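**Q** Take a look at the following structure, please.
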Amino acid sequence: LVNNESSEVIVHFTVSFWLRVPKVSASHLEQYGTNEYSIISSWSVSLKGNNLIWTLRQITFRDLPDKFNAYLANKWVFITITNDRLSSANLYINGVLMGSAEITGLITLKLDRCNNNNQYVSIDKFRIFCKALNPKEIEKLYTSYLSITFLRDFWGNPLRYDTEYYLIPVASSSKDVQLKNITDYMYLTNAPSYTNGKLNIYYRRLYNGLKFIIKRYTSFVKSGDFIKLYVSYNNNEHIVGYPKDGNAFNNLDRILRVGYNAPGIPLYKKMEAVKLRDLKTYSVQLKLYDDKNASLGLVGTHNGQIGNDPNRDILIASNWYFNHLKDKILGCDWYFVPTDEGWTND
Amino acid sequence: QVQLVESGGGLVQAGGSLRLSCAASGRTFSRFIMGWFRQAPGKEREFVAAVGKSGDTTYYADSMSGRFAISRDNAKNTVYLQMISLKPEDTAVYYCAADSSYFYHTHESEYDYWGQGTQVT
Amino acid sequence: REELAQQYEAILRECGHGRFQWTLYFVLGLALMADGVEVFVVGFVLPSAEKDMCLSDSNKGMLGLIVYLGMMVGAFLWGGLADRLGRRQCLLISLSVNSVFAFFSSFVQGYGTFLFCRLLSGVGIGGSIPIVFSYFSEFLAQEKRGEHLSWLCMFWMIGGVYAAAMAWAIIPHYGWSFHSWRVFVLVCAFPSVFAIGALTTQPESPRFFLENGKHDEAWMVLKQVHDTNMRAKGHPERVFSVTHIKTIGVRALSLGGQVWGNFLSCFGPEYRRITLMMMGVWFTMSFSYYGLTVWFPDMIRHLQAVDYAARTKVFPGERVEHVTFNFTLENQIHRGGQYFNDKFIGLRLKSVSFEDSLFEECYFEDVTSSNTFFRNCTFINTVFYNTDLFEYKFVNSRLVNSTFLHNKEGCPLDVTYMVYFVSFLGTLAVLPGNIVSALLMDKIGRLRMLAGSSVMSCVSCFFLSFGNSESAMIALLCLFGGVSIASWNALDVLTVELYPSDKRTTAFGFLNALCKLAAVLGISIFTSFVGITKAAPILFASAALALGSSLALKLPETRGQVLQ
Ligand SMILES: *[C@@H]1O[C@H](CO[C@@H]2O[C@@H](C)[C@@H](O)[C@@H](O)[C@@H]2O)[C@@H](O[C@@H]2O[C@H](CO)[C@@H](O)[C@H](O)[C@H]2NC(C)=O)[C@H](O)[C@H]1NC(C)=O
Ligand SMILES: C=CCCCCCCCCCO[C@@H]1O[C@H](CO)[C@@H](O[C@H]2O[C@H](CO)[C@@H](O)[C@H](O)[C@H]2O)[C@H](O)[C@H]1O
Ligand SMILES: *[C@@H]1O[C@H](CO)[C@@H](O[C@@H]2O[C@H](CO)[C@@H](O)[C@H](O)[C@H]2NC(C)=O)[C@H](O)[C@H]1NC(C)=O
Ligand SMILES: *[C@@H]1O[C@H](CO)[C@@H](O)[C@H](O)[C@H]1NC(C)=O
Ligand SMILES: CC[C@@H](C(N)=O)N1CCCC1=O
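Residue numbers (the deposited numbering), protein chains in the order written: chain C, 925 to 936, 950 to 979, 991 to 1004, 1012 to 1061, 1070 to 1181, 1188 to 1315; chain D, 4 to 124; chain A, 145 to 321, 330 to 400, 421 to 588, 595 to 742.
Structure representation (structure tokens):
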């Protein structure tokens, strides 16, 4: 839905739907911070600054200060707003109760009362149940919509081949991936960050580092598929892979190499894109096979010192991660963050 | 005692450019924070600009960044103050001072030595 | 001269080794312990005293070398004076000077007066080895003397470990406040006090009296030594039937002439070759030993610095607006940042650098920086209230409309546990070498043991390149220290047995002064090798020890012979 007089949807308890609110700029937030514009009205749903409001009694949920993990950022989220007339109303985001109000004693989908021409919010899967959902129902609903039919990028959109992506480790999100030299290793580095105390918002710049590509071995990325990963560098694609009998940490944490070209040596460049853990998050795990169909191990990182270079986090493809799939946080998960017009660094 | 003398003044047409050279004496010259002060008719001395003990860092007063440029040459044992876009307001006697302290200072009391001063119309 | 020695050897050979020799061993090991403590006092104190006393690198070097210069002067002075006046009296005077000036060195504030006090303390302690080894050589028979003098050097390491332990247990209490290191110096000045406390209760050596034609005093001293030993030996009944031994402003000029004559007689026709060979041996061994022992810790520190540099982390492209920070940072680099309208209150920094940043309308307050710099930074309308940011902390920066207010006071200089542990390890690693040398000096021989230890050290020097890690340097230093000590024990035993009794303290003292002089030059040369090829110290220390070994082999033999 765009801020246009011709962009409307008209249709002739509880309410659920998917929402994607593009991030608000610092200047826009400073100027249009108090103006309230609604998105779905009948009760009503409106957005004011970094606040999502439910209008009946009223409810106001404040977005988290960290825009990287915030809900009103460019990411897709699931909103459930229970309305139990007998007792109260409870609001769930991604099957999480973020608040509620005591409503005791008490369809148009378009941007109304908005003075910004760049305000556009996407709404999908609008449903209106005839009762009040409990925690189990909300959990079931959120699980029902998310599946393993296809991988997803950072914003929730399905992955596509022939598209530039930025890889961001899930465990350590404040680091970017850099390449030392051609036919050499890649290491993680700190990423530039933005912080504003007056507006109480901060995050990390999301468009620096290596630019990768996922290409067919031989138009959406499907789970458990065989792919070749190329790194764009100076307007040229460099294949990613682990050369035969290459250097590694502890003899088993094989260190991957980019654009490796050594005559008389074989280079493994077959990977499998899979989603093995955290079905509720948008992360991708990559396996790196060999020419004999063996599994070298999922792509990860290890801390060490290669030569005289300073101690860093070297991208490796170790097989150790398969033994700790039950861990709360694992270092084998990445975010593919393609450039999007709903996120611009302040 | 370091002896300072300034030269390079002289009447300048409006909007012109001019340079002043402040030459010191004695081996001990890299141990002072050089400065430049000016005294307009009827006003007290006002700090204008200053340069560090190695010529790397500069220290400009309010509104003096852009018209005044200060630099020092350790080899020749001298200091340069380049002025451009001179207006009638910039009529004064520009003094050259030396400070032995380890901090940048604008007050005239803190500065130890002084120069004879030269007239710039 | 040769007839008197034969008789004197018989008196000690008949009476035997009793309580007197052991008592003297302990009350002289106390003085050697005092020397071993005094050698490390300035070394352990520089890191802590560098802040209070406003010391620079040149001052650190001068403080390092002042102790050796003082010892150099003192060795010659007390060695010369001991022959004319005696051994007990000159040892008392030298140690009293040491204790007094070491005590006055703790309540000193200025740097120049501290340097003067340490110099005079070194002058006082310089006369320990010459007088101690000589004065104890005259109570030992030729049946077993090389062994007995070797155990006498076991107290130097006792002094070293005492100093290291006190440094570990007193210095780190930084919160005492006069700070702790002064209390450490005061504690380290006690062994000299015990030395005077014990030494006043022992007699003057008989030999000095016999050589000065004061045979009655020698007779009574030998009577005392006989009585003390017979009081608790197997046979206490035998009476000292030995009769008398064979008889053979102005004062300032007389002593000056006598000391000069004694020193010159060492270069006579009969003691020319011996003196030259001993000069060469002492010089070369001292050079290599001090060069390596001061070179190892510097290499360890250099490797630690390299590791610290390798541990640094970078933070590029940070933008901040309207935020307050009060959290400490250490070993970080911030490049290309933009800060507007921020505040920094109670900030502490250590080895933190800021490059290509930009500060506008900021405000600093109570910030202390150590090894912190601003490179290519720009400041606009920034306020510095009560800050330690000196002029040199900004490199290639530009300040516009900024101001410093209520600037902190203190030392303008920028430089405002492992050492103790390494020093303790070396001082303990010198033990087995001492034990083997003591047990085998009289069996193998002075000359053979000296040559073997010197060549072994020269060969072991070649394995310096084999160790590159921090752990390897400690093992290499321990190996070198533990195997080279026998060379010095053999040299101390050899220098005593060569010269006659009339010159032994002058001759030993002159050569000890040369030892300290060579130590200073070796320290100065070896400290600059760091940052250069590793083969240079190997070559220098190998050539020096080789020259020492050849000259040492060319000396004569002294085993099994009366101490003439
Ligand atoms: C150059 O700086 C002066 C001084 O800044 C003020 O005093 C400092 C010590 C510190 O407290 C700053 O925050 C202060 O602003 C500026 O003079 C002030 O300008 C402001 C502008 O809003 C004005 O409100 C104040 O009254 C002024 N103070 C005085 C004493 O006159 C000056 O504006 C700066 N110049 C430029 C070109 O930016
Ligand atoms: C003399 C002065 C030298 C100049 C010093 C400049 C140093 C720049 C400091 C950059 C650090 O910026 C700071 O990083 C942390 C994350 O690590 C951010 O996030 C933090 O914000 C809040 C502040 O408590 C909290 O939520 C958390 O602590 C953290 O999320 C801060 O919002 C940001 O303000
Ligand atoms: C000091 O920092 C400035 C930036 O503040 C550097 O100049 C920039 O250099 C980059 C890289 O070439 C250019 O893209 C920018 O346009 C430059 N900025 C300006 C304002 O000129 C400068 O090179 C740095 N100096 C040193 C010695 O490192
Ligand atoms: C820094 O400020 C925070 C926030 O007020 C406070 O909790 C903390 O104790 C402060 N630190 C110090 C060392 O005063
Ligand atoms: C010069 C005196 C000699 C000793 N035996 O006391 N030594 C050996 C260790 C270092 C030293 O000075």
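C-beta atoms are modelled at their ideal positions from N, C-alpha and C, and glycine is treated no differently.
Taking three-plus beta-carbon pairs below 8 Å as touching, is the stretch 101 to 114 of chain D in contact with the stretch 338 to 356 of chain A?
**A** Too few Cβ pairs lie closer than 8 Å, so no.
**Q** Check whether the Cβ of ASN568 of chain A lies closer than 8 Å to any Cβ atom in chain D.
**A** Cβ-Cβ to chain D under 8 Å: yes for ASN568 of chain A.
**Q** If contact is defined by three or more beta carbon pairs under 8 Å, each pair taking one atom from either stretch, is the stretch 1251 to 1262 of chain C in contact with the stretch 5 to 21 of chain D?
**A** Result no; under three Cβ-Cβ pairs closer than 8 Å.
**Q** Tell me whether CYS99 of chain D sits in a helix, a strand or coil according to DSSP, three-state version.
**A** Here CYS99 of chain D sits in strand by DSSP.
**Q** Report yes or no: is there a C-beta of chain A within less than 8 Å of the C-beta of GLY38 of chain D?
**A** It does not; no Cβ of chain A falls within 8 Å.
**Q** Can you tell which of D:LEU14, D:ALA78, D:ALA100, D:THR121 has its C-alpha closest to the C-alpha of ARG30 of chain D?
**A** Closest by alpha carbon: D:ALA78.
**Q** Under a criterion of Cβ closer than 6 Å to any non-hydrogen atom of ligand 1, which residues qualify, in chain order?
**A** Output, sorted by chain position: D:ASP65, D:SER66, A:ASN553, A:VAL555, A:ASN573, A:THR575.
**Q** Can you grab the Cα-Cα spacing for the pair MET1149 of chain C / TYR97 of chain D, in whole Å?
**A** Near 58 Å, if we compare the C-alpha coordinates of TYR97 of chain D and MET1149 of chain C.
**Q** Quick one: any contact between the stretch 197 to 205 of chain A and the stretch 379 to 388 of chain A, if contact means 3 or more CB pairs under 8 Å?
**A** No, the stretch 197 to 205 of chain A does not touch the stretch 379 to 388 of chain A.
**Q** Name, please, each residue of chain C whose Cβ falls closer than 7 Å to the Cβ of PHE497 of chain A.
**A** Ordered by position in chain C, no residue passes the 7 Å Cβ test against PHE497 of chain A, which lies about 10 Å from the chain.
**Q** Here's the rule I'm using: 16 or more other beta-carbon atoms within 10 Å means buried, otherwise exposed. How should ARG1090 of chain C be labelled?
**A** Flag for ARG1090 of chain C reads exposed.
**Q** Should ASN558 of chain A be counted as a contact of ligand 4 given a C-beta to heavy atom distance under 7 Å?
**A** No, since every heavy atom of ligand 4 falls outside the 7 Å radius drawn around the Cβ of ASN558 of chain A.
**Q** Figure out for me which residue from D:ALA26, D:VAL54, D:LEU21, D:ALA43 has the closest Cα to the Cα of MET37 of chain D.
**A** Measuring from the Cα of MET37 of chain D, the nearest candidate turns out to be D:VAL54.
**Q** Between which two residues does the alpha helix (DSSP H) containing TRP166 of chain A stretch?
**A** Looking at the DSSP string, the run of the alpha helix (DSSP H) that includes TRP166 of chain A is 163 to 182.
**Q** Quick check on the burial criterion: 16 or more other C-beta atoms within 10 angstroms. Buried or exposed for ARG1281 of chain C?
**A** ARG1281 of chain C should be labelled buried.
**Q** For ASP528 of chain A, is the beta carbon positioned less than 7 Å from some heavy atom of ligand 3?
**A** Yes, the beta carbon of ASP528 of chain A sits closer than 7 Å to at least one heavy atom of ligand 3.
**Q** Less than 8 Å between the C-beta atoms of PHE361 of chain A and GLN165 of chain A, yes or no?
**A** Against a cut-off of 8 Å, the Cβ pair of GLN165 of chain A and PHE361 of chain A comes out as no contact.
**Q** Rounded to a whole number of angstroms, what is the C-alpha to C-alpha distance between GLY223 of chain A and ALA685 of chain A?
**A** Roughly 8 Å separates the two Cα atoms.
**Q** So that I know if they touch, is there some Cβ in chain C lying closer than 8 Å to that of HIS506 of chain A?
**A** Output row for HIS506 of chain A: interface = no.
**Q** Hey, which residues come within less than 7 Å of ligand 4, measuring from Cβ to any heavy atom, in chain order?
**A** Selection output, chain order preserved: A:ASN498, A:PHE499, A:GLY518.
**Q** From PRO1020 of chain C to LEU1130 of chain C, what distance separates their C-alpha atoms?
**A** Distance between the alpha carbons of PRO1020 of chain C and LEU1130 of chain C: 23 Å.
**Q** Under 7 Å: does the beta carbon of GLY18 of chain D sit that close to some heavy atom of ligand 7?
**A** Here the bound small molecules are ligand 1, ligand 2, ligand 3, ligand 4 and ligand 5; ligand 7 is not part of this structure.
**Q** Should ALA477 of chain A be labelled buried (16 or more other beta-carbon atoms within 10 Å of its own) or exposed?
**A** Answer is exposed; the Cβ neighbour count stays below 16.
**Q** Can you name the residues of chain C whose CB is closer than 9 Å to the CB of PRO715 of chain A?
**A** Chain C residues near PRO715 of chain A: none, gap ~23 Å exceeds 9 Å.
**Q** For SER74 of chain D, which option in D:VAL123, D:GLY13, D:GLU47, D:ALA26 has the closest C-alpha, if you only look at C-alpha atoms?
**A** Among D:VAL123, D:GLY13, D:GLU47, D:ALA26, the Cα nearest to that of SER74 of chain D belongs to D:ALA26.
**Q** So what's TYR511 of chain A in DSSP terms, helix, strand or just coil?
**A** Reduced to three states, the DSSP call for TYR511 of chain A is strand.
**Q** So for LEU956 of chain C, helix, strand or coil by DSSP?
**A** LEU956 of chain C: strand per DSSP, three-state reduction.
**Q** Alpha carbon to alpha carbon, what distance is there between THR673 of chain A and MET450 of chain A?
**A** Their backbone Cα atoms lie some 8 Å apart in a straight line.
**Q** What residue from D:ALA101, D:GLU92, D:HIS110, D:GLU111 has the CA that sits closest to residue 127 of chain D's CA?
**A** Since the displayed chain D opens at 4 and closes at 124, residue 127 of chain D lies outside it and no answer follows.
**Q** Looking at the C-beta of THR554 of chain A, does it have a partner C-beta in chain C at a distance below 8 Å?
**A** Chain C, which has no Cβ nearer than 8 Å to the Cβ of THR554 of chain A, makes this no.
**Q** Kindly say whether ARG1168 of chain C, judged by its beta-carbon, lies nearer than 8 Å to any beta-carbon of chain A.
**A** True, the Cβ-Cβ gap to chain A drops below 8 Å.
**Q** Along chain C, in chain order, which residues have C-beta atoms closer than 8 Å to that of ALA482 of chain A?
**A** Here the neighbours are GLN1274, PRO1279, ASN1280.
**Q** Grouping DSSP H, G and I as helix and E and B as strand, with all else coil, what is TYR1199 of chain C?
**A** Strand at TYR1199 of chain C.
**Q** Given that a residue counts as buried once 16 or more other Cβ atoms are within 10 Å of its Cβ, and exposed if not, what is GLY1266 of chain C?
**A** It is buried - the Cβ of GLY1266 of chain C has at least 16 other Cβ atoms within 10 Å.
**Q** Can you tell me whether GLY1054 of chain C is helix, strand or coil according to DSSP?
**A** In the structure shown, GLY1054 of chain C sits in a strand (DSSP, three-state: E or B).
**Q** Cβ closer than 7 Å: which chain C residues qualify as neighbours of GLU735 of chain A?
**A** Simply none; closest approach about 54 Å.
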